[PDB]
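Undergrad: Here's a structure for you.
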Amino acid sequence: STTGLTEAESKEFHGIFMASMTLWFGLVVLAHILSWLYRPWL
Amino acid sequence: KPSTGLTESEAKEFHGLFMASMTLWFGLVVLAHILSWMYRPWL
Amino acid sequence: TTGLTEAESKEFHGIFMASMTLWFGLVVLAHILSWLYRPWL
Amino acid sequence: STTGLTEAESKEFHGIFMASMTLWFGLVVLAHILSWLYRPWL
Amino acid sequence: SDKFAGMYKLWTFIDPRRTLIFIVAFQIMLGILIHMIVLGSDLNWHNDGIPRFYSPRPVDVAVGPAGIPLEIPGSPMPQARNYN
Amino acid sequence: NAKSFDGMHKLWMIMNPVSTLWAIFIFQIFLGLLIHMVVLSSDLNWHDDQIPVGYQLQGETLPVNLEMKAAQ
Amino acid sequence: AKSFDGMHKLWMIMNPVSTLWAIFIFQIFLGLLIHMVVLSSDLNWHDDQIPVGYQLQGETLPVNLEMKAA
Amino acid sequence: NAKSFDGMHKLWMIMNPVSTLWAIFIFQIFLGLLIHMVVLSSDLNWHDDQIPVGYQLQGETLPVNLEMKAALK
Amino acid sequence: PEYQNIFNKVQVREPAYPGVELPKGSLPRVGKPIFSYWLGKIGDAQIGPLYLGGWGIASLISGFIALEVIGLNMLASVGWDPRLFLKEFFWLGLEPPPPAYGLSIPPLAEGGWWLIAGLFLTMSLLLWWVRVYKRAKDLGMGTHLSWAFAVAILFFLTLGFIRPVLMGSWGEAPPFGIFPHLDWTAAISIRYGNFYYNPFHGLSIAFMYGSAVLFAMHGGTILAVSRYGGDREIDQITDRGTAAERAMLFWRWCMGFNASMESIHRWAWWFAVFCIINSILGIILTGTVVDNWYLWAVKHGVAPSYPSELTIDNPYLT
Amino acid sequence: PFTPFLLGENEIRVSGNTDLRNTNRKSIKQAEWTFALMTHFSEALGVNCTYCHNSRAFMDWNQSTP
Amino acid sequence: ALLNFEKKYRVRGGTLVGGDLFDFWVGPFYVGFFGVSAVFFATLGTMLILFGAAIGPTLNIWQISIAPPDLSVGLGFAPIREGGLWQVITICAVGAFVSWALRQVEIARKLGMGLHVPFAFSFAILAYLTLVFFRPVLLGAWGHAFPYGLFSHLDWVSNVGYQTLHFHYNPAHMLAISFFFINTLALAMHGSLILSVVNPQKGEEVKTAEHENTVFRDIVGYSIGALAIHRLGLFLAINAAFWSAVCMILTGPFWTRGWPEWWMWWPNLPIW
Amino acid sequence: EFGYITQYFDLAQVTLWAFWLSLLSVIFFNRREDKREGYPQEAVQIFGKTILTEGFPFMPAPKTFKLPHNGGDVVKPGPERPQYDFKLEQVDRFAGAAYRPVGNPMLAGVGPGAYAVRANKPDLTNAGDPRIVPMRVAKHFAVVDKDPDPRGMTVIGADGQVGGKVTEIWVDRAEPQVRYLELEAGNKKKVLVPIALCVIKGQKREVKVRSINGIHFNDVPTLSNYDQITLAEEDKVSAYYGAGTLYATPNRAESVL
Ligand code: BCL
Ligand code: BCL
Ligand code: BCL
Ligand SMILES: CC[C@H]1c2cc3[nH]c4c(c3C)C(=O)[C@H](C(=O)OC)c4c3nc(cc4[nH]c(cc(n2)[C@@H]1C)c(C(C)=O)c4C)[C@@H](C)[C@@H]3CCC(=O)OC/C=C(/C)CCC[C@H](C)CCC[C@H](C)CCCC(C)C
Ligand SMILES: CC(C)=CCC/C(C)=C\CC/C(C)=C/CC/C(C)=C\CC/C(C)=C/CC/C(C)=C/CC/C(C)=C/CC/C(C)=C/CC1=C(C)C(=O)c2ccccc2C1=O
Ligand SMILES: COC(C)(C)CCC/C(C)=C/C=C/C(C)=C/C=C/C(C)=C/C=C\C=C(C)\C=C\C=C(C)\C=C\C=C(/C)CCCC(C)(C)OC
Ligand SMILES: [Ca+2]
Ligand SMILES: [Ca+2]
Ligand SMILES: [Ca+2]
Ligand SMILES: [Ca+2]
Ligand SMILES: [Fe+3]
Ligand SMILES: [Mg+2]
């Protein structure tokens, strides 16, 4: 491999990466729901 | 492959203290904002 | 590396914390005097 | 010792440094007492 | 709690000299900045005229019907203003 | 359409994870600053809208300040 | 709910020293910036003349008023 | 806490004394100039306050200068 | 102090070098090379020989016809007097046609000579372009000097031919003088509302300042490591020595990033070319798309707004 | 510049009232004739452009002097 | 991070002030006494520019402006809100620029090379000091210097230019512009030539110094040489800066008419 | 109406965006070309481990220079020749600390006295001959009168002492100019000095070399064959003279003020 990671290491990294990205997007959605309740823009 | 030379035990130790410190910092931030809202509400 | 052993780090930490506490004490005193003279909030 | 000073040399330097700083601050206080007598600012 | 007991280990990979230098420099910079921000405000204490003013006070100049100072009828140069 | 994203984890066999993490973090901070400044420059601005009250105007009309401006 | 188990291994690929320094410097810069952005708005707290205006207080002291009368 | 500062003299085993002395001196001179300039820009200015007398105005109203300006017209 | 390497202290001569051999079928080089002691104090002392083939003769006939025309009209404008020519030389010029003639061909003493000189100067520069290209390509080198030359020619044609045609008048082009062309510069800024609020003008000024900065930096850095053989850049590129290493450490330590001995020349190339690209873009939009650059800048939130205090009454509204 | 402007009656204004291309058809030569007359205004009174204009907008009356 | 070859060059010594206390690196940068000074002054200046924007009408990047005092202040000290902030920032700026130059000198001494780059930087510094110090002192007031703002220092440049009816006819201005233009031309030709010699026609060998001489002798008839073009470069850029400083010290202090009227000395020579 | 607006979007605006994107993209390509020398870089980790990092943006794919006269191919970015054997001690225990030389600083090859490891072949002319040669091998050169011929002069060495005497001039045939002076030292060896480190006084008939001291001219590196010089030898000679700018006197590396 050209990153040096094996396939097991890649699987591990991918698991945690996807979990983290999902949590981040959840927080973004929550922020937008609050903003819409306070000051609707459309 | 990029490594830091920390084993898994050292990483666990660092992570423990890092999370504690970050939680304390965010606590102080929340307190500052509650005081500011009581004094001069902005929304 | 920073080269410090664990004993040297303990020593440095002791004195660092003492100094920082003294500095913050002096800051608090300055602000109490300023509030007594010219309150800003 | 990273500066090459031993502990005795450091003690010596510290003694004279603290004495000098105290004398300097004394002169500063005197200047401010004179200025307050001439033109009070608070 | 007891979760902060191993914080001294911080100095085994962060070194004292650079850290002290950074801290001292930053504190002086911040000191000067805050004094200048409060001086440029309503809380200014050098120029407030308390307990008394010490320098002479500004004197305004009367204007003409065009809103600028009047010309003087034999001066070999026009009159100054600062506002347009 | 149930097995078409199976080998996706092999992304990390061609992209370096640490470089990618740093790039993502920096890009996110830049975008955060940009969107906040774009919304602050519009009608949706929330610092200067004088809601729930105007504070400079509130300070100009305090009785003490009014009485001091009168005696002048 | 056990999806974040290996998270502590983050510091085996990311350098702790670089991360710490980056965080500290970014936080100081952001602190200065937000204070300056709020001071330039209607929420400014140094010049709002609350709880009292001090320049105006100095212009109306009897010592200054009696001299300006003369 | 009567004992928490006694290792302080070890400071000079990690900070060079001569470098520190030079830094302190230069900083003090810069700060002296700066504070003098900041106070001279305010109502407390002591060169232009015309106390105890205004000297340019004193020169404009000398009898010799007045007599020379009169005999011009 | 130490030798600064600004002048050559000791000079040496060998017989002149005729030049790398050209491909078979070429013309010989004309001239016998001479040596200059004063030029040798600062650089290379040989002058000549020179290569004159097909394209560089057609160029040089065109250019000299143009020069004869320009010179003679400047001389007719003072009544043929050479004394007055020398006396008032910076104020003379050959002027474009009156704008009411449009794009037609005007009579000869009312703008036709300007048109002739412009045509001949154009042809001269395009023939020179072909010469520069072929000269570099016959020796087996990359043709990078032709790309930059093409950019410069395009700027000359934009202000002068393309913009006057898009506007509908030859009288929108510069004249051939010294003070006359300075007057043209000022007037076109005054008519289209202040070039300081043209954004392409600001960007080209950024790149002209940058050209001066970069070339001071590069000239300094290579003179400062010439004691380690740094002035020989081809060898430092194909076999990195200590001169290149020191040169790149200096900038890395000073400002945090660096280039290599070959890459800095790409930075030079681009900084010189973006200046002129923005020149073209700024002139081509003036008049044809934007009529007042200050009002444009006000519409797009760019211009500051000084406090007023007064009211002035527009007398056309009264 | 006195024949067209101080005995004849020609338009001195050359700049536009909007930012994009409109009905304005003045040229750079007309701009030069205006520049000439303004040079004489400056010399005859002992002043500069800024005695009556702000150079950043020579055509705005709200940014001129009295 | 260190380059492949960097470690053997990172030795101690070569400094001007300070000594062993500030002789370290932070990442790729080298710090020193003057590194600390420069970052201190840059941070302070930036923060004061930002505060001066906060007390103004807008935080739009293009419309911020901090202005100098009035001409009635003379060479004195202005109030903070009406000129004193400009004075403090203009002290910080000088401090930062000189620190930058001296740090360069320390670095060059450590690497064993000549001081050509800080010396060429000195002329930029000199032009700045002409605009903020020398010209104001000779004319008698700080309020003759330019304000700090994009778009707002351009209004200064414009009006100052038109205070002489036509600033294109300033002689030292003409000479400086000549040097600027010739410098851009020379930089284009130098860049092109080196690129062309190490990137030849497809399937050829890297060319030599003889090729470099031959190409320009074929096109133009003269070639200056590989070491003299670097000299010619330092020369043209420095001269541009120098004559800019002269042209500004002439305008106001030594000439108060229009600039076209200076040139009148030439057609009035009694020799035509 | 003086400032009436018809439409907000125009062509100047779009074109400006296009330029912002065309810059911002030559920066990308130039920054990638910048990293064909010296990379991947070495990042030191929390407790001393070193890894190779590559930066932002990443390194380009290798290109080849074909050198003339069967001088081989050069791939870049490619391998590196091995460093020699410098010895250094760090001064303070952190990754960003400085280093001290261990032995005699003049003969150590560290600091301003470091050099590169180049080929052991001479630089060639367009005809295949060695480029830098003494004036007895190049039989067509001559010093222009009007200029002081340095052959014969002495080589005073920065502390006032004599180093030796000039016996030859080394010229450059591709561009005719002087590159080195050859001199016989105090122990009767033949050593070179670069012409860009020499101040030549014609009337005093001296050459002043401010870099090193008089006794230091005995230990300048020597050449294999005296009819040519190779790239490696050029580097060694020049680096030895550059080490003296900081190591000649014990007071040279010691904070002016
Ligand atoms: C109208 C708005 C309010 C106001 C609303 C807020 C709000 C909301 C906040 C602040 C916060 C801060 N404000 Mg406030 N603030 C006001 C006016 C001021 C004035 C002034 C001159 O007027 C000053 C000087 C301050 C200064 C400060 C700082 C103490 C703090 C940001 C520090 C930081 O950036 O950490 C960056 C540094 C680190 C991350 C360092 C990490 C650890 C280091 C070694 C220790 C740092 C000590 C830290 C500064 C203080 C923590 C408390 C200690 C126990 C003493 N504010 C006005 C009155 N201010 C922030 C805060 O409270 O932080 C909790 C914050 O959220
Ligand atoms: C009218 C519009 C609203 C507003 C509408 C929104 C909307 C909509 C959003 C924000 C978001 C944010 N707002 Mg807001 N916001 C307003 C006013 C403010 C003000 C202020 C001074 O007025 C401030 C300082 C903020 C600041 C913030 C940040 C906390 C956050 C952007 C994060 C980021 O850039 O991550 C970029 C950096 C990274 C990704 C690096 C990695 C981050 C690591 C893992 C940890 C960082 C934690 C982060 C700070 C969040 C903390 C959550 C914890 C659970 C406590 N807003 C006004 C009132 N704001 C965004 C957000 O909430 O994100 C969740 C968002 O979507
Ligand atoms: C109507 C106005 C007039 C006009 C009025 C003026 C006025 C007024 C001036 C000029 C000046 C100049 N004019 Mg003019 N000029 C006009 C038309 C022209 C035209 C043209 C094509 O028409 C050209 C080509 C020029 C060209 C020039 C240059 C000769 C000169 C500017 C270079 C300079 O000052 O460098 C000098 C360099 C500096 C001042 C830079 C200082 C550098 C500092 C030390 C470093 C700063 C670092 C920074 C803070 C760091 C940021 C760091 C980030 C991390 C990146 N002018 C029109 C006719 N001109 C200027 C001049 O000569 O000043 C000396 C000047 O004042
Ligand atoms: C990328 C933009 C920069 C640039 C690039 C550039 N210019 C170039 C090139 C390049 C890459 C060439 O290869 C080409 C060349 O061959 O130069 C060696 C050239 C060239 N740019 C030249 C000049 C030039 N470039 C200028 C500008 C610029 N050139 C830009 C700043 C200017 C300016 C700023 O005004 C000038 C005056 C010529 C030396 C040369 C093209 C020669 C040519 O076309 O000559 C053939 C035609 C004739 C007129 C023959 C008749 C005799 C001539 C009058 C002799 C030339 C003498 C010289 C122009 C004296 C200056 C006179 C002025 C004071 C009026
Ligand atoms: C500011 C802040 C928040 C600080 C906190 C950080 C802390 C705590 C400390 C850090 C330590 C210190 C002392 C840092 C100081 C640095 C800081 C902060 C800022 C400075 C950065 C700076 C001034 C950068 C400006 C860069 C710019 C715009 C350059 C303009 C010119 C330009 C575009 C050049 C590109 C081309 C290059 C790279 C030229 C260099 C170059 C040239 C010129 C050659 O001739 C040459 C010859 C042979 C080989 C290589 C080279 C070579 O690389
Ligand atoms: C007395 O002197 C003698 C006769 C002995 C010779 C001496 C020569 C001397 C002293 C000359 C002095 C010359 C000077 C000072 C010249 C100054 C020149 C300057 C500074 C000029 C600056 C700008 C001019 C420009 C940019 C002109 C651009 C013109 C262009 C692009 C023309 C385009 C026209 C075309 C392509 C032709 C179209 C025509 C047609 C036929 C298609 O129309 C339909
Ligand atoms: Ca007070
Ligand atoms: Ca609000
Ligand atoms: Ca308040
Ligand atoms: Ca007084
Ligand atoms: Fe180069
Ligand atoms: Mg004209």
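In the structure tokens, chains take the letters A, B, ... in the order shown, each chain's residues start at 1, and ligands count up from 1 in the order shown.
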Counting only C-alpha atoms and all ligand atoms, what are the residues, protein, DNA or RNA alike, that approach ligand 9 to within 12 Å? I want them as an MDAnalysis selection string.

TA: (chainID B and resid 39:40) or (chainID C and resid 35 38:41) or (chainID E and resid 38 41:43) or (chainID F and resid 55:56 58:60) or (chainID G and resid 39 42:54)

Undergrad: Distance limit 7 Å, atoms considered: only C-alpha atoms. Which chain H residues sit that close to chain D? Return them as a list in words.

TA: residues 9, 10, 12, 13, 14, 15 and 16 of chain H

Undergrad: Go ahead and save the residues from that selection, with N, CA and C atoms, as a short mmCIF file (atom, residue, chain, number, x, y, z; two decimals), in the first residue's frame.

TA:
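The file below, selection-v4.cif, is the result:
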```
data_model
loop_
_atom_site.label_atom_id
_atom_site.label_comp_id
_atom_site.auth_asym_id
_atom_site.auth_seq_id
_atom_site.Cartn_x
_atom_site.Cartn_y
_atom_site.Cartn_z
N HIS H 9 16.06 30.84 43.04
CA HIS H 9 17.39 31.18 42.57
C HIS H 9 17.86 30.24 41.46
N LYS H 10 17.22 29.08 41.28
CA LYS H 10 17.61 28.17 40.22
C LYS H 10 17.22 28.69 38.83
N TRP H 12 18.38 31.03 37.21
CA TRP H 12 19.55 31.43 36.47
C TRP H 12 20.37 30.25 35.98
N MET H 13 19.88 29.04 36.20
CA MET H 13 20.50 27.85 35.62
C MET H 13 19.86 27.48 34.29
N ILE H 14 18.79 28.16 33.89
CA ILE H 14 18.15 27.91 32.60
C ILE H 14 18.02 29.19 31.79
N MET H 15 18.06 30.36 32.45
CA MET H 15 18.04 31.64 31.74
C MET H 15 19.42 32.29 31.86
N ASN H 16 19.98 32.72 30.74
CA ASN H 16 21.28 33.37 30.75
C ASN H 16 21.19 34.75 31.41
#
```

Undergrad: Hey, which residues sit close to ligand 11? Say within 7 Å, counting only C-alpha atoms and all ligand atoms, and write them as a ChimeraX atom specification.

TA: /I:218,233,265 /K:190,230

Undergrad: For the selection you just gave me, I'd like the residues written to a file as a compact mmCIF listing (two decimals), in the first residue's frame, keeping N, CA, C and O atoms.

TA:
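Once everything was written out, this is again-v7.txt:
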```txt
# COMPACT_ATOMS: atom_id res chain seq x y z
N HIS I 218 16.29 37.84 -5.13
CA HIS I 218 17.04 36.81 -5.83
C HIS I 218 18.46 37.29 -6.14
O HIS I 218 19.41 36.51 -6.00
N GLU I 233 24.15 28.60 -11.99
CA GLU I 233 22.89 28.01 -11.59
C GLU I 233 22.62 26.66 -12.27
O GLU I 233 21.93 25.83 -11.68
N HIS I 265 12.90 30.50 -10.56
CA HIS I 265 12.78 31.04 -11.90
C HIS I 265 11.35 30.94 -12.46
O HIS I 265 10.91 31.81 -13.22
N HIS K 190 15.17 36.79 -17.64
CA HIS K 190 15.99 35.88 -16.85
C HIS K 190 15.27 34.56 -16.50
O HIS K 190 15.83 33.45 -16.70
N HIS K 230 22.44 38.92 -12.10
CA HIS K 230 22.09 39.08 -10.70
C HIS K 230 22.45 40.45 -10.15
O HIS K 230 21.67 41.04 -9.38
```

Undergrad: Using only C-alpha atoms and all ligand atoms, determine which residues fall within 9 Å of ligand 6, then list them as a PyMOL selection string.

TA: chain I and resi 64+66-75+80+82+85+89-90+92-94+103-105+114-123+155-162+164+170+173-182

Undergrad: Give the superposed chain D as a JSON list (two decimals) with N, CA and C atoms, in the first residue's frame, the fit being least squares on chain A over all ordered C-alpha pairs.

TA:
```json
[["chain", "number", "residue", "atom", "x", "y", "z"],
["D", 1, "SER", "N", 1.73, -0.44, 0.95],
["D", 1, "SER", "CA", 0.38, -0.24, 0.40],
["D", 1, "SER", "C", 0.21, 1.21, -0.03],
["D", 2, "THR", "N", 1.31, 1.96, 0.01],
["D", 2, "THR", "CA", 1.39, 3.33, -0.47],
["D", 2, "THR", "C", 1.08, 4.31, 0.66],
["D", 3, "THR", "N", 0.21, 3.93, 1.60],
["D", 3, "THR", "CA", 0.17, 4.62, 2.89],
["D", 3, "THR", "C", 0.73, 3.76, 4.01],
["D", 4, "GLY", "N", 1.02, 2.49, 3.72],
["D", 4, "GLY", "CA", 1.55, 1.60, 4.74],
["D", 4, "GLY", "C", 0.46, 0.94, 5.59],
["D", 5, "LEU", "N", -0.79, 1.42, 5.48],
["D", 5, "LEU", "CA", -1.86, 0.78, 6.23],
["D", 5, "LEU", "C", -2.23, -0.53, 5.53],
["D", 6, "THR", "N", -2.46, -1.55, 6.35],
["D", 6, "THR", "CA", -3.01, -2.80, 5.85],
["D", 6, "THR", "C", -4.50, -2.62, 5.63],
["D", 7, "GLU", "N", -5.21, -3.71, 5.37],
["D", 7, "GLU", "CA", -6.65, -3.60, 5.13],
["D", 7, "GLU", "C", -7.42, -3.55, 6.46],
["D", 8, "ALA", "N", -6.88, -4.18, 7.51],
["D", 8, "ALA", "CA", -7.51, -4.15, 8.82],
["D", 8, "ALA", "C", -7.44, -2.75, 9.44],
["D", 9, "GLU", "N", -6.27, -2.12, 9.32],
["D", 9, "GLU", "CA", -6.09, -0.77, 9.82],
["D", 9, "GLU", "C", -7.00, 0.21, 9.09],
["D", 10, "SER", "N", -7.13, 0.04, 7.77],
["D", 10, "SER", "CA", -8.03, 0.87, 7.00],
["D", 10, "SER", "C", -9.48, 0.68, 7.44],
["D", 11, "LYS", "N", -9.89, -0.57, 7.69],
["D", 11, "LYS", "CA", -11.23, -0.78, 8.16],
["D", 11, "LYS", "C", -11.49, -0.08, 9.50],
["D", 12, "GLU", "N", -10.51, -0.16, 10.41],
["D", 12, "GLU", "CA", -10.63, 0.47, 11.72],
["D", 12, "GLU", "C", -10.79, 1.99, 11.60],
["D", 13, "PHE", "N", -9.87, 2.60, 10.84],
["D", 13, "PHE", "CA", -9.92, 4.03, 10.63],
["D", 13, "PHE", "C", -11.26, 4.44, 10.02],
["D", 14, "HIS", "N", -11.76, 3.66, 9.06],
["D", 14, "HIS", "CA", -12.98, 4.03, 8.39],
["D", 14, "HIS", "C", -14.16, 4.02, 9.37],
["D", 15, "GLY", "N", -14.23, 2.99, 10.22],
["D", 15, "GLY", "CA", -15.27, 2.92, 11.23],
["D", 15, "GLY", "C", -15.35, 4.21, 12.06],
["D", 16, "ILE", "N", -14.19, 4.59, 12.64],
["D", 16, "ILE", "CA", -14.22, 5.74, 13.53],
["D", 16, "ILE", "C", -14.44, 7.04, 12.77],
["D", 17, "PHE", "N", -13.90, 7.14, 11.55],
["D", 17, "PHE", "CA", -14.10, 8.34, 10.74],
["D", 17, "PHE", "C", -15.60, 8.56, 10.45],
["D", 18, "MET", "N", -16.30, 7.50, 10.06],
["D", 18, "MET", "CA", -17.71, 7.66, 9.75],
["D", 18, "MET", "C", -18.53, 8.01, 10.98],
["D", 19, "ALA", "N", -18.21, 7.40, 12.13],
["D", 19, "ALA", "CA", -18.91, 7.74, 13.36],
["D", 19, "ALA", "C", -18.73, 9.22, 13.70],
["D", 20, "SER", "N", -17.49, 9.71, 13.62],
["D", 20, "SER", "CA", -17.20, 11.10, 13.96],
["D", 20, "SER", "C", -17.92, 12.07, 13.03],
["D", 21, "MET", "N", -17.91, 11.78, 11.72],
["D", 21, "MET", "CA", -18.57, 12.65, 10.77],
["D", 21, "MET", "C", -20.09, 12.70, 11.02],
["D", 22, "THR", "N", -20.68, 11.56, 11.39],
["D", 22, "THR", "CA", -22.10, 11.53, 11.68],
["D", 22, "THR", "C", -22.42, 12.39, 12.91],
["D", 23, "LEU", "N", -21.61, 12.28, 13.95],
["D", 23, "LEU", "CA", -21.83, 13.10, 15.14],
["D", 23, "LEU", "C", -21.73, 14.60, 14.82],
["D", 24, "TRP", "N", -20.73, 14.99, 14.02],
["D", 24, "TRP", "CA", -20.56, 16.38, 13.64],
["D", 24, "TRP", "C", -21.80, 16.91, 12.89],
["D", 25, "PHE", "N", -22.30, 16.13, 11.94],
["D", 25, "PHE", "CA", -23.45, 16.56, 11.18],
["D", 25, "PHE", "C", -24.70, 16.65, 12.06],
["D", 26, "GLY", "N", -24.82, 15.77, 13.06],
["D", 26, "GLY", "CA", -25.90, 15.86, 14.03],
["D", 26, "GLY", "C", -25.91, 17.21, 14.76],
["D", 27, "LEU", "N", -24.72, 17.62, 15.22],
["D", 27, "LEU", "CA", -24.61, 18.90, 15.90],
["D", 27, "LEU", "C", -24.97, 20.08, 14.98],
["D", 28, "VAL", "N", -24.58, 19.98, 13.71],
["D", 28, "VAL", "CA", -24.93, 21.00, 12.74],
["D", 28, "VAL", "C", -26.45, 21.11, 12.57],
["D", 29, "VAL", "N", -27.11, 19.97, 12.47],
["D", 29, "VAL", "CA", -28.56, 19.99, 12.31],
["D", 29, "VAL", "C", -29.22, 20.65, 13.53],
["D", 30, "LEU", "N", -28.71, 20.35, 14.71],
["D", 30, "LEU", "CA", -29.28, 20.94, 15.91],
["D", 30, "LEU", "C", -29.14, 22.48, 15.91],
["D", 31, "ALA", "N", -27.95, 22.97, 15.55],
["D", 31, "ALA", "CA", -27.73, 24.40, 15.45],
["D", 31, "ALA", "C", -28.73, 25.07, 14.47],
["D", 32, "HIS", "N", -29.01, 24.40, 13.35],
["D", 32, "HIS", "CA", -29.91, 24.99, 12.37],
["D", 32, "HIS", "C", -31.35, 24.98, 12.85],
["D", 33, "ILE", "N", -31.76, 23.94, 13.59],
["D", 33, "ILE", "CA", -33.11, 23.96, 14.14],
["D", 33, "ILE", "C", -33.29, 25.12, 15.11],
["D", 34, "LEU", "N", -32.28, 25.35, 15.96],
["D", 34, "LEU", "CA", -32.37, 26.50, 16.86],
["D", 34, "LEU", "C", -32.45, 27.81, 16.09],
["D", 35, "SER", "N", -31.61, 27.97, 15.06],
["D", 35, "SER", "CA", -31.62, 29.21, 14.29],
["D", 35, "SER", "C", -32.96, 29.42, 13.58],
["D", 36, "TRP", "N", -33.58, 28.35, 13.07],
["D", 36, "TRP", "CA", -34.86, 28.50, 12.42],
["D", 36, "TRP", "C", -35.93, 28.92, 13.43],
["D", 37, "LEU", "N", -35.86, 28.38, 14.65],
["D", 37, "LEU", "CA", -36.82, 28.78, 15.66],
["D", 37, "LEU", "C", -36.65, 30.25, 16.02],
["D", 38, "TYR", "N", -35.42, 30.77, 16.00],
["D", 38, "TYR", "CA", -35.19, 32.14, 16.42],
["D", 38, "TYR", "C", -35.43, 33.13, 15.29],
["D", 39, "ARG", "N", -34.89, 32.87, 14.08],
["D", 39, "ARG", "CA", -34.91, 33.86, 13.02],
["D", 39, "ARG", "C", -35.07, 33.18, 11.67],
["D", 40, "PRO", "N", -36.29, 32.80, 11.26],
["D", 40, "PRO", "CA", -36.48, 32.05, 10.01],
["D", 40, "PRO", "C", -36.10, 32.86, 8.77],
["D", 41, "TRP", "N", -35.34, 32.26, 7.85],
["D", 41, "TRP", "CA", -34.74, 33.00, 6.76],
["D", 41, "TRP", "C", -35.36, 32.76, 5.40],
["D", 42, "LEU", "N", -36.17, 31.72, 5.24],
["D", 42, "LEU", "CA", -36.79, 31.44, 3.94],
["D", 42, "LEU", "C", -38.28, 31.75, 4.01]]
```

Undergrad: Could I get the residue neighbourhood of ligand 7 at 7 Å, counting only C-alpha atoms and all ligand atoms, as a PyMOL selection string?

TA: (chain D and resi 41-42) or (chain E and resi 45-51)
